[PDB]
>>> print(open('upload39.cif').read())   # mmCIF, C-alpha atoms
data_upload
#
loop_
_atom_site.label_atom_id
_atom_site.label_comp_id
_atom_site.auth_asym_id
_atom_site.auth_seq_id
_atom_site.Cartn_x
_atom_site.Cartn_y
_atom_site.Cartn_z
CA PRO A 1 3.29 57.11 77.97
CA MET A 2 1.24 57.46 81.23
CA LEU A 3 -1.05 54.93 82.86
CA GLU A 4 -3.30 55.89 85.83
CA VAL A 5 -5.00 53.09 87.72
CA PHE A 6 -8.00 53.78 90.07
CA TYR A 7 -8.77 50.91 92.35
CA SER A 8 -11.54 50.66 95.04
CA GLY A 9 -12.66 47.52 96.92
CA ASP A 10 -13.08 45.91 100.35
CA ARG A 11 -9.40 44.95 100.27
CA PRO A 12 -6.53 47.23 98.97
CA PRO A 13 -3.88 45.10 97.06
CA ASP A 14 -0.64 44.17 98.86
CA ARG A 15 2.81 44.93 97.30
CA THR A 16 3.03 41.54 95.50
CA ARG A 17 -0.11 42.31 93.39
CA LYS A 18 1.25 45.74 92.44
CA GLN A 19 4.65 44.31 91.52
CA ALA A 20 2.97 41.77 89.27
CA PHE A 21 0.87 44.44 87.56
CA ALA A 22 3.73 46.87 87.16
CA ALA A 23 5.87 44.33 85.34
CA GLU A 24 3.03 43.06 83.13
CA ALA A 25 2.18 46.74 82.20
CA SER A 26 5.80 47.46 81.26
CA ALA A 27 6.14 44.35 79.21
CA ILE A 28 2.89 45.06 77.39
CA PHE A 29 3.81 48.62 76.44
CA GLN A 30 7.25 47.36 75.32
CA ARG A 31 5.84 44.52 73.20
CA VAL A 32 2.95 46.53 71.67
CA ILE A 33 4.44 50.00 71.12
CA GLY A 34 8.20 49.57 71.79
CA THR A 35 8.31 51.61 75.10
CA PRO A 36 11.69 50.95 76.70
CA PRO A 37 11.47 49.66 80.31
CA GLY A 38 10.71 51.56 82.50
CA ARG A 39 9.82 54.80 80.67
CA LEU A 40 6.18 54.03 81.38
CA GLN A 41 4.82 56.57 83.92
CA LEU A 42 2.67 54.37 86.18
CA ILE A 43 0.37 55.74 88.91
CA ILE A 44 -1.81 53.53 90.99
CA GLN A 45 -4.39 55.31 93.13
CA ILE A 46 -6.17 53.40 95.85
CA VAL A 47 -9.53 55.12 96.36
CA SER A 48 -11.36 54.64 99.64
CA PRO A 49 -14.90 53.22 99.18
CA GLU A 50 -16.46 56.26 100.83
CA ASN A 51 -14.96 58.26 97.97
CA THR A 52 -16.78 56.30 95.25
CA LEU A 53 -20.36 55.59 94.33
CA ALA A 54 -20.26 52.80 96.86
CA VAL A 55 -20.59 55.34 99.71
CA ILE A 56 -24.34 55.14 99.39
CA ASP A 57 -24.55 51.71 100.94
CA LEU A 58 -21.43 50.56 102.78
CA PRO B 1 -18.82 58.15 82.19
CA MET B 2 -16.31 59.23 84.81
CA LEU B 3 -16.56 62.09 87.31
CA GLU B 4 -13.54 63.22 89.24
CA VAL B 5 -14.13 65.67 92.11
CA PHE B 6 -11.32 67.69 93.76
CA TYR B 7 -12.17 69.37 97.03
CA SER B 8 -9.95 71.40 99.32
CA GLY B 9 -11.14 73.44 102.32
CA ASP B 10 -11.25 73.88 106.11
CA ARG B 11 -12.82 70.63 107.13
CA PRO B 12 -13.12 67.65 104.80
CA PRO B 13 -16.87 66.66 104.19
CA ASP B 14 -18.40 63.89 106.40
CA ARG B 15 -20.00 60.72 104.91
CA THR B 16 -23.48 62.28 104.80
CA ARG B 17 -22.44 65.06 102.38
CA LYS B 18 -20.71 62.55 100.08
CA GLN B 19 -23.79 60.32 100.20
CA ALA B 20 -26.05 63.20 99.14
CA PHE B 21 -23.62 64.14 96.40
CA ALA B 22 -23.14 60.62 94.98
CA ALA B 23 -26.89 60.11 94.94
CA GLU B 24 -27.59 63.43 93.18
CA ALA B 25 -24.74 62.81 90.67
CA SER B 26 -26.14 59.43 89.75
CA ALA B 27 -29.65 60.73 89.31
CA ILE B 28 -28.34 63.66 87.27
CA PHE B 29 -26.43 61.48 84.82
CA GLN B 30 -29.40 59.19 84.70
CA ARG B 31 -31.82 62.06 83.85
CA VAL B 32 -29.72 63.94 81.38
CA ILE B 33 -27.97 61.23 79.41
CA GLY B 34 -29.53 57.88 80.47
CA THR B 35 -26.53 56.34 82.36
CA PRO B 36 -27.94 53.39 84.37
CA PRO B 37 -27.62 53.69 88.13
CA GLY B 38 -24.42 52.16 89.40
CA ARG B 39 -22.40 52.83 86.17
CA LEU B 40 -21.08 56.26 87.00
CA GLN B 41 -17.35 55.99 87.88
CA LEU B 42 -17.08 58.56 90.70
CA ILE B 43 -13.79 59.49 92.32
CA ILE B 44 -13.74 62.01 95.14
CA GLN B 45 -10.33 63.42 96.03
CA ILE B 46 -9.88 65.33 99.27
CA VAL B 47 -6.80 67.44 98.70
CA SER B 48 -5.02 68.95 101.59
CA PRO B 49 -4.47 72.77 101.87
CA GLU B 50 -0.69 72.44 101.57
CA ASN B 51 -1.16 70.71 98.21
CA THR B 52 -3.09 73.55 96.58
CA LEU B 53 -3.00 77.28 95.84
CA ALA B 54 -4.34 77.96 99.34
CA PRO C 1 -6.45 76.55 83.92
CA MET C 2 -5.66 73.50 86.06
CA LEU C 3 -2.19 72.12 86.85
CA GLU C 4 -1.83 68.58 88.21
CA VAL C 5 1.54 67.60 89.67
CA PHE C 6 2.48 63.98 90.34
CA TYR C 7 5.64 63.41 92.37
CA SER C 8 7.20 60.25 93.64
CA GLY C 9 10.55 59.90 95.40
CA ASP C 10 12.62 59.11 98.47
CA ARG C 11 12.67 62.74 99.47
CA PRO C 12 9.34 64.56 99.02
CA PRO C 13 9.08 68.36 99.60
CA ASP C 14 8.06 70.08 102.85
CA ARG C 15 5.07 72.49 102.92
CA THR C 16 7.21 75.50 102.45
CA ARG C 17 8.84 74.20 99.27
CA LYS C 18 5.46 73.31 97.80
CA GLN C 19 4.07 76.75 98.54
CA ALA C 20 7.11 78.39 96.91
CA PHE C 21 6.26 76.17 93.95
CA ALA C 22 2.61 77.12 94.02
CA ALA C 23 3.36 80.82 94.07
CA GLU C 24 5.86 80.46 91.20
CA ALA C 25 3.30 78.39 89.10
CA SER C 26 0.75 81.05 89.64
CA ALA C 27 3.11 83.78 88.46
CA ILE C 28 4.21 81.75 85.41
CA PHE C 29 0.55 81.42 84.30
CA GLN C 30 -0.05 85.10 84.85
CA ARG C 31 3.11 86.09 82.95
CA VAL C 32 2.56 83.77 79.94
CA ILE C 33 -1.24 83.70 79.50
CA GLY C 34 -2.48 86.45 81.83
CA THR C 35 -4.20 84.13 84.35
CA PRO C 36 -5.33 86.44 87.25
CA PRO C 37 -3.74 85.62 90.70
CA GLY C 38 -5.89 83.18 92.67
CA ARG C 39 -7.52 81.41 89.63
CA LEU C 40 -5.10 78.53 88.89
CA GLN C 41 -6.67 75.34 90.13
CA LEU C 42 -3.61 73.51 91.47
CA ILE C 43 -3.40 69.88 92.71
CA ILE C 44 -0.11 68.40 93.97
CA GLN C 45 -0.13 64.69 94.56
CA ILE C 46 2.59 62.89 96.44
CA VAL C 47 2.56 59.40 95.02
CA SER C 48 3.95 56.65 97.08
CA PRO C 49 6.89 54.69 95.36
CA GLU C 50 5.00 51.46 95.99
CA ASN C 51 2.26 52.93 93.67
CA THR C 52 4.66 53.62 90.78
CA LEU C 53 6.96 51.48 88.59
CA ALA C 54 9.74 51.70 91.19
CA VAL C 55 7.74 49.10 93.20
CA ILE C 56 9.55 46.42 91.13
CA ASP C 57 12.81 46.55 93.04
CA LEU C 58 12.12 48.42 96.22
CA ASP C 59 15.25 47.30 98.09
CA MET D 1 -11.23 74.69 95.80
CA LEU D 2 -13.92 72.61 94.20
CA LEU D 3 -13.29 71.24 90.71
CA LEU D 4 -15.11 68.65 88.69
CA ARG D 5 -13.94 66.79 85.61
CA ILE D 6 -16.16 64.62 83.41
CA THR D 7 -14.85 62.13 80.96
CA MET D 8 -17.52 60.71 78.69
CA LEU D 9 -18.22 59.39 75.21
CA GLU D 10 -18.60 61.69 72.19
CA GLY D 11 -22.09 62.06 70.87
CA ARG D 12 -24.28 64.03 73.34
CA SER D 13 -25.98 67.23 72.49
CA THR D 14 -24.73 70.59 73.62
CA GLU D 15 -27.88 71.09 75.58
CA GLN D 16 -27.14 67.88 77.45
CA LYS D 17 -23.52 68.93 78.15
CA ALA D 18 -24.65 72.21 79.53
CA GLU D 19 -27.43 70.74 81.73
CA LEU D 20 -24.80 68.34 83.17
CA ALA D 21 -22.46 71.21 83.97
CA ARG D 22 -25.20 73.24 85.54
CA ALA D 23 -26.78 70.55 87.66
CA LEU D 24 -23.55 68.93 88.91
CA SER D 25 -22.03 72.25 89.87
CA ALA D 26 -25.13 73.24 91.86
CA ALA D 27 -25.19 69.78 93.51
CA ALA D 28 -21.48 70.06 94.47
CA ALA D 29 -21.93 73.62 95.91
CA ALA D 30 -24.80 72.50 98.11
CA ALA D 31 -23.50 69.12 99.24
CA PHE D 32 -20.05 70.54 100.03
CA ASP D 33 -21.07 74.01 101.27
CA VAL D 34 -19.03 76.08 98.85
CA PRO D 35 -20.23 79.13 97.02
CA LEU D 36 -21.48 78.21 93.54
CA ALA D 37 -19.29 80.94 91.99
CA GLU D 38 -16.08 79.09 93.06
CA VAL D 39 -17.02 75.72 91.33
CA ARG D 40 -15.32 74.79 88.04
CA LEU D 41 -16.23 71.93 85.78
CA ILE D 42 -14.37 70.49 82.84
CA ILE D 43 -15.78 68.18 80.21
CA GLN D 44 -13.61 65.76 78.28
CA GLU D 45 -15.02 63.71 75.43
CA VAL D 46 -13.58 60.57 73.87
CA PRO D 47 -14.43 58.58 70.82
CA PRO D 48 -16.17 55.24 71.05
CA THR D 49 -12.90 53.41 70.13
CA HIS D 50 -11.14 54.88 73.20
CA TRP D 51 -13.59 53.76 75.86
CA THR D 52 -13.27 50.11 76.69
CA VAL D 53 -15.09 47.82 79.06
CA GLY D 54 -13.93 44.32 79.82
CA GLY D 55 -11.14 45.12 77.38
CA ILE D 56 -13.59 45.62 74.45
CA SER D 57 -14.29 49.00 72.81
CA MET D 58 -17.71 50.54 72.74
CA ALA D 59 -17.52 50.57 68.93
CA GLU D 60 -18.34 46.82 69.32
CA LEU D 61 -22.02 47.23 69.23
CA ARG D 62 -21.75 44.51 68.06
CA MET E 1 -14.13 49.92 91.03
CA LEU E 2 -11.29 49.39 88.57
CA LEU E 3 -10.58 52.08 85.96
CA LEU E 4 -7.50 52.56 83.78
CA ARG E 5 -6.56 55.69 81.95
CA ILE E 6 -3.80 55.80 79.30
CA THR E 7 -2.33 59.04 78.12
CA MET E 8 -0.17 58.56 75.03
CA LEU E 9 1.40 60.19 72.03
CA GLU E 10 -0.74 59.90 68.95
CA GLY E 11 0.46 58.12 65.82
CA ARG E 12 -0.08 54.47 66.82
CA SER E 13 -2.28 52.06 64.85
CA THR E 14 -5.82 51.17 65.83
CA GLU E 15 -4.56 47.59 66.19
CA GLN E 16 -1.94 48.70 68.75
CA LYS E 17 -4.45 50.79 70.73
CA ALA E 18 -6.83 47.88 70.83
CA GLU E 19 -4.16 45.41 71.88
CA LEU E 20 -3.09 47.70 74.76
CA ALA E 21 -6.67 48.05 75.98
CA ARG E 22 -7.24 44.31 75.85
CA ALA E 23 -3.90 43.22 77.36
CA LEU E 24 -3.89 45.84 80.16
CA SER E 25 -7.52 45.23 81.16
CA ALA E 26 -6.92 41.47 81.44
CA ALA E 27 -3.72 42.16 83.44
CA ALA E 28 -5.53 44.48 85.88
CA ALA E 29 -8.48 42.05 86.32
CA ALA E 30 -6.07 39.22 87.25
CA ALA E 31 -3.69 41.29 89.41
CA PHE E 32 -6.33 43.12 91.45
CA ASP E 33 -8.84 40.32 91.49
CA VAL E 34 -11.75 42.01 89.88
CA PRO E 35 -14.04 40.49 87.25
CA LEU E 36 -12.85 41.47 83.74
CA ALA E 37 -16.36 42.72 83.04
CA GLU E 38 -15.99 45.57 85.62
CA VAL E 39 -12.75 46.99 84.19
CA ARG E 40 -13.00 50.28 82.31
CA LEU E 41 -10.10 51.73 80.27
CA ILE E 42 -9.96 55.25 78.67
CA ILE E 43 -7.37 56.07 76.01
CA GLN E 44 -6.37 59.74 75.62
CA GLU E 45 -4.07 60.83 72.78
CA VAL E 46 -1.75 63.85 72.58
CA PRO E 47 0.07 65.55 69.66
CA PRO E 48 3.92 65.44 69.65
CA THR E 49 3.94 69.19 70.40
CA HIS E 50 2.01 68.60 73.66
CA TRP E 51 4.33 66.03 75.28
CA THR E 52 7.55 67.43 76.75
CA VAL E 53 10.58 66.00 78.49
CA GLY E 54 13.21 68.18 80.17
CA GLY E 55 11.09 71.13 78.98
CA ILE E 56 11.15 70.20 75.30
CA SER E 57 8.38 68.77 73.10
CA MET E 58 8.64 65.49 71.22
CA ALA E 59 8.26 67.38 67.91
CA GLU E 60 11.83 68.49 68.89
CA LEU E 61 13.96 65.77 67.29
CA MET F 1 8.78 60.37 89.00
CA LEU F 2 7.80 63.95 88.26
CA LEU F 3 4.99 64.52 85.79
CA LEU F 4 2.95 67.65 85.13
CA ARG F 5 -0.39 67.86 83.41
CA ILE F 6 -1.96 71.14 82.27
CA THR F 7 -5.54 71.44 81.33
CA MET F 8 -6.34 74.70 79.56
CA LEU F 9 -8.59 76.57 77.27
CA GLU F 10 -7.94 76.44 73.52
CA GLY F 11 -6.63 79.40 71.61
CA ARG F 12 -3.18 80.08 73.00
CA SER F 13 -0.23 80.55 70.75
CA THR F 14 2.16 77.79 69.90
CA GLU F 15 4.80 79.98 71.45
CA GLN F 16 2.89 80.54 74.72
CA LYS F 17 2.31 76.78 75.11
CA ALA F 18 6.00 76.12 74.71
CA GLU F 19 6.77 78.85 77.32
CA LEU F 20 4.47 77.29 79.93
CA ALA F 21 6.10 73.92 79.53
CA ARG F 22 9.61 75.29 79.67
CA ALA F 23 9.06 77.50 82.70
CA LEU F 24 6.81 75.07 84.57
CA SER F 25 9.27 72.26 84.00
CA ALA F 26 12.23 74.24 85.33
CA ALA F 27 10.24 75.41 88.33
CA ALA F 28 9.27 71.86 89.13
CA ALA F 29 12.74 70.39 88.66
CA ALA F 30 14.13 73.00 91.10
CA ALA F 31 11.45 72.70 93.81
CA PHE F 32 10.82 68.94 93.99
CA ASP F 33 14.61 68.45 93.51
CA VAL F 34 14.65 66.27 90.40
CA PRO F 35 16.90 66.41 87.33
CA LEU F 36 15.21 68.52 84.65
CA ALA F 37 15.75 65.71 82.09
CA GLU F 38 13.40 63.42 84.00
CA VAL F 39 10.42 65.89 84.05
CA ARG F 40 7.44 65.06 81.80
CA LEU F 41 4.78 67.57 81.00
CA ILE F 42 1.50 66.99 79.10
CA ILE F 43 -0.76 69.72 77.75
CA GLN F 44 -4.51 69.13 77.23
CA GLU F 45 -6.68 71.75 75.60
CA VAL F 46 -10.39 72.31 75.99
CA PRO F 47 -13.02 74.26 73.95
CA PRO F 48 -14.61 77.36 75.66
CA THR F 49 -17.82 75.42 75.91
CA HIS F 50 -16.21 72.62 78.02
CA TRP F 51 -14.94 74.85 80.86
CA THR F 52 -17.66 76.16 83.14
CA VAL F 53 -17.59 78.41 86.26
CA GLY F 54 -20.55 78.58 88.57
CA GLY F 55 -22.22 76.17 86.20
CA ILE F 56 -22.06 78.34 83.11
CA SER F 57 -19.62 77.95 80.19
CA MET F 58 -16.75 80.28 79.29
CA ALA F 59 -18.62 80.65 75.95
CA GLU F 60 -20.88 82.88 78.18
CA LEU F 61 -19.87 85.22 76.95
#
>>> encode(input="upload39.cif", output="C-alpha cells")
Amino acid sequence: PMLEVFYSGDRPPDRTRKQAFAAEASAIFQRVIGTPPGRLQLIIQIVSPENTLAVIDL
Amino acid sequence: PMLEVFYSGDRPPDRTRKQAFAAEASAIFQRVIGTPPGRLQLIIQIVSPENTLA
Amino acid sequence: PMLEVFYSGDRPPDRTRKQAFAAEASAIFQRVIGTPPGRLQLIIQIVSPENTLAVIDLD
Amino acid sequence: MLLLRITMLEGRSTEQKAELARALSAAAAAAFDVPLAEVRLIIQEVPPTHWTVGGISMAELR
Amino acid sequence: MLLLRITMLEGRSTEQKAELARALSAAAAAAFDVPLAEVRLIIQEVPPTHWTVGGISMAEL
Amino acid sequence: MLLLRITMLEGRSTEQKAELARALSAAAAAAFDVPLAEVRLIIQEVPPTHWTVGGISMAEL
C-alpha cells in the first residue's frame, strides 16, 4: 500500500512528529490489513502556504 | 474536492498569479458544483525543468 | 498519459541521468501504446528520506 | 507543462464535469501564461465511502 | 491543510477500510497538531493486475 | 523508495499494460540505481471523458 500526506501550516513539523506518525501508520496498516513493516510506501509532502488556498490572505 | 496543479516552465509564477488562480478556482467550484468557499483542497506544485520531459 | 515517479535514497540521480530516463520513458510509451513524442506528462519527485518511512531510524 | 488533476465525489452530472474542465483550464492558461492548447486536466471520482473528513465517511449523512 | 491519500489493493472489507480511515486520520491530527475536523482522507483502490513489484503484477502468484 | 504511478486512458490491452510496467520498471531500476525487486508500479485508468486537452474531452471526438 501507498500513503501520501499533504501538510500545510504556519509551522512545518520537525523530525520527531514525522517519526511518531510514520510508526503509528505502519502499526495501523499491520494491525488492520496485515501489511508487514515497513512495506508501507509513505510520502509526506510539506506544501508551502502560498501553494494552497491560503495564498489569498497570508 | 481536491485540485492538484503541476506547472513547469521558464520562470515560476509570482504570488499574484497564484492568488488570481486560487480565487478563480474557488469561485469556479462554487458556481458549478456548490463547494463552499474555503473547502477546496488546492495543491500547487512547481516542478523544475530537470524533473520533466523538458 | 502521465507518469509520476517518486524516489527516495542516499544517492539521488544527477540531471543527466534523469533526462536519459525521461527520454527512455517517452520511447517506451511510444513503442507500447503509440504516444507521440513530446506528449507524456512526466513528473519526477525526489522525496527526502525524512519524509518517508526510513525516517524511523535515520542514523 | 501545465497539468491539473481533480479528485472529487461521484454523483455530478456530465455537464458539470465538463464545465469544470473547461473553466479551470482557461483559468490556469491565463493566470500562468501558458497557451490553452498545452493544458491537460484529469478527473478522478470516488465513492462516498472513500472520502472521509474527521475520520468519518461522507456516507454518514447521517 | 491536512489531506491523506491511500492507494491500496482492492479486496479488503468495508470494516477494514473504515478502520484505516479513522485510525490514520486521528494519528495525523495528533502528530501534526491539526484539529481532527480539518483532516481529509481519500481511499483509492486498485485491481491485483494494476499493482506491480519488480515488474510483475500481484495477480502473479 | 522507488514508486511509479501511471495515469492513462482506458482501452489498452491487458498485454500492453503489462509491457508498460515491465519496461518502465526496468528503466527506472537502472537509472535511479535501485534493485528491480524494490520497484513498485501502480496503473490508474481513466475514461475518455475524464481526460481533457485545452479544456475539451478526449471524447471530442
>>> residues_around(input="upload39.cif", residues="residue 12 (chain E)", least_positions_apart="3", cutoff="10 Å", atoms="all atoms listed in the file", output="short mmCIF file (atom, residue, chain, number, x, y, z; two decimals) with C-alpha atoms, in the coordinates of the input")
data_model
loop_
_atom_site.label_atom_id
_atom_site.label_comp_id
_atom_site.auth_asym_id
_atom_site.auth_seq_id
_atom_site.Cartn_x
_atom_site.Cartn_y
_atom_site.Cartn_z
CA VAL A 32 2.95 46.53 71.67
CA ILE A 33 4.44 50.00 71.12
CA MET E 8 -0.17 58.56 75.03
CA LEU E 9 1.40 60.19 72.03
CA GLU E 15 -4.56 47.59 66.19
CA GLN E 16 -1.94 48.70 68.75
CA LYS E 17 -4.45 50.79 70.73
CA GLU E 45 -4.07 60.83 72.78
#
>>> resolve_selection(input="upload39.cif", expression="the PyMOL selection byres ((chain B) within 6 of (chain C))", output="JSON, numbers by chain")
{"B": [50, 51, 52, 53]}
>>> write_last_selection(input="upload39.cif", atoms="C-alpha atoms", output="compact mmCIF listing (two decimals), in the frame of the given file")
# COMPACT_ATOMS: atom_id res chain seq x y z
CA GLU B 50 -0.69 72.44 101.57
CA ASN B 51 -1.16 70.71 98.21
CA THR B 52 -3.09 73.55 96.58
CA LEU B 53 -3.00 77.28 95.84
>>> closest_residue(input="upload39.cif", among="C:36, C:1, C:12, C:49", to="chain D", atoms="all atoms listed in the file")
C:1
>>> closest_atom_pairs(input="upload39.cif", of="chain D", to="region 6-30 of chain B", cutoff="6 Å", atoms="only C-alpha atoms", output="CSV")
residue,atom,partner,partner_atom,distance
D:1,CA,B:8,CA,5.0
D:2,CA,B:7,CA,4.6
D:3,CA,B:6,CA,5.1
D:31,CA,B:17,CA,5.2
>>> resolve_selection(input="upload39.cif", expression="the PyMOL selection byres ((chain A and resi 47) around 8)", output="list in words")
residues 6, 7, 8, 45, 46, 48, 49, 51 and 52 of chain A; 43 of chain B
>>> write_last_selection(input="upload39.cif", atoms="C-alpha atoms", output="compact mmCIF listing (two decimals), keeping the file's coordinate frame")
# COMPACT_ATOMS: atom_id res chain seq x y z
CA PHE A 6 -8.00 53.78 90.07
CA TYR A 7 -8.77 50.91 92.35
CA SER A 8 -11.54 50.66 95.04
CA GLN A 45 -4.39 55.31 93.13
CA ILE A 46 -6.17 53.40 95.85
CA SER A 48 -11.36 54.64 99.64
CA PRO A 49 -14.90 53.22 99.18
CA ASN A 51 -14.96 58.26 97.97
CA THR A 52 -16.78 56.30 95.25
CA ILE B 43 -13.79 59.49 92.32
>>> atom_distance(input="upload39.cif", atom1="CA of residue 11 (chain D)", atom2="CA of residue 44 (chain D)")
11.9 Å
>>> closest_residue(input="upload39.cif", among="E:60, E:38, E:10, E:33", to="chain D", atoms="all atoms listed in the file")
E:38
>>> atom_distance(input="upload39.cif", atom1="CA of residue 36 (chain E)", atom2="CA of residue 11 (chain A)")
17.2 Å
>>> interface_residues(input="upload39.cif", of="chain F", to="chain D", cutoff="6 Å", atoms="all atoms listed in the file", output="list in words")
residues 50, 51, 52, 53, 54 and 55 of chain F
>>> resolve_selection(input="upload39.cif", expression="the PyMOL selection byres ((chain F) within 6 of (chain E))", output="number ranges by chain")
F: 21-22, 25, 36-37, 39-43
